[PDB]
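Residue numbers (this note's numbering), protein chains in the order written: chain A, 1 to 122; chain B, 123 to 244.
Just so you know, even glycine gets a beta-carbon here, dropped at the ideal spot from N, CA and C.
For reference, the structure discussed in these notes is given below.
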Ligand SMILES: C[C@H]1COCCN1c1cc(NC(=O)Cn2cc(-c3cc(Cl)c(O)c(C(N)=O)c3)c3c(=O)n(C)cnc32)c(Cl)cn1
Ligand SMILES: C[C@H]1COCCN1c1cc(NC(=O)Cn2cc(-c3cc(Cl)c(O)c(C(N)=O)c3)c3c(=O)n(C)cnc32)c(Cl)cn1
């Protein structure tokens, strides 16, 4: 019976992306081959089965650096990190295979399914 | 021209609330009179002008305990902390004045405006 604010979740994510853009309270650096990406672990956990499984473990929760599998494409990861913070996915014919593979690795099922839909329409 | 996921922002907030419920990566305790509330600073910053102004300051950014003004009602704060993590506001005749006052203090303008609308309809 509570009052529903339709734009609050979107507004919160926009503010989290703004915080990431200014490196404010970022607590992890994700290393993908020769590239690095700072992020908030909470957002990563909220968006990825891989990161959720990592940081819910007390063994790994305080890690400040995570090195991804060497085969992961940095642009593919960048596209998915942007998606986590914006709800928008930059899928193109030139990046679909890399994004889909990276989404599988990050355990983002709805993204992978969407990639399968993009392939089906192309 | 990116693909839009209409439910991702909502889903992310739900996962952040789930993380708060298990005290996973909470980094601040908010003390309100005789009560304490653990939260994520990033979410607080994303939702409150007060908390944004606090944690964007390097002087205060690493504070693990924030004591609110003694006049703040703990239930009023609890209602607003729940709103930050769910987009749902539990406004009732028995709590409107306390919630509105607390929202003013936390600098949550759209909430305050909504409280003014609740008063106007009551
Ligand atoms: C365990 C659940 C259920 O019971 C209550 C607790 N609860 C929970 C889960 C949390 N994190 C994740 O689920 C991590 N996680 C996020 C996505 C995810 C999320 C969003 Cl929002 C998306 O948009 C997309 C997408 N478009 O692919 C994907 C995702 C996933 O897909 N797979 C296959 C596996 N793990 C995933 C947390 Cl942090 C707290 N509680
Ligand atoms: C400075 C802005 C603009 O330029 C780019 C950077 N940018 C920004 C702002 C951030 N945080 C806040 O705005 C903190 N903040 C959140 C709300 C807020 C947010 C949501 Cl989502 C709500 O639903 C409601 C509500 N219902 O009352 C209120 C709010 C507010 O109301 N007032 C009056 C003052 N400060 C507020 C961050 Cl973290 C990063 N960047």
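Is any heavy atom in ligand 2 found nearer than 7 Å to the beta carbon of residue i?
i                      : result
residue 85 of chain A  : no
residue 149 of chain B : no
residue 170 of chain B : yes
residue 43 of chain A  : no
residue 124 of chain A : Any answer about residue 124 of chain A is impossible in this case: the structure gives chain A only from 1 up to 122.
Quick one: which chain A residues come within Cβ less than 7 Å of residue i?
i                      : result
residue 124 of chain B : 88, 89 and 90
residue 132 of chain B : 9
residue 236 of chain B : 3
residue 135 of chain B : 9 and 12
With a threshold of 7 Å (Cβ to nearest heavy atom), would residue i be considered close to ligand 1?
i                      : result
residue 137 of chain B : yes
residue 104 of chain A : no
residue 52 of chain A  : yes
residue 127 of chain B : yes
residue 111 of chain A : yes
residue 141 of chain B : yes
residue 130 of chain B : yes
residue 100 of chain A : no
residue 230 of chain B : no
For a contact meaning CB atoms closer than 9 Å, what does residue i contact in chain B?
i                     : result
residue 48 of chain A : Going along chain B, no residue has its Cβ under 9 Å from residue 48 of chain A, so there is no contact; the nearest lies around 10 Å.
Quick one: which chain B residues come within Cβ less than 7 Å of residue i?
i                     : result
residue 24 of chain A : 178
residue 16 of chain A : 164 and 168
In chain A, what lies closer than 8 Å to residue i by C-beta?
i                      : result
residue 141 of chain B : 42, 45 and 46
With a 10 Å radius around its C-beta and 16 neighbouring C-beta atoms as the bar for buried, classify residue i as buried or exposed.
i                      : result
residue 128 of chain B : exposed
residue 97 of chain A  : exposed
residue 20 of chain A  : buried
residue 64 of chain A  : exposed
residue 138 of chain B : buried
residue 123 of chain B : exposed
residue 53 of chain A  : exposed
residue 216 of chain B : exposed
residue 68 of chain A  : buried
Taking only runs of the beta strand (DSSP E) that begin and end inside the stretch 144 to 177 of chain B, which ones reach a length of at least 3 residues, in chain order? 150 to 154 and 157 to 161
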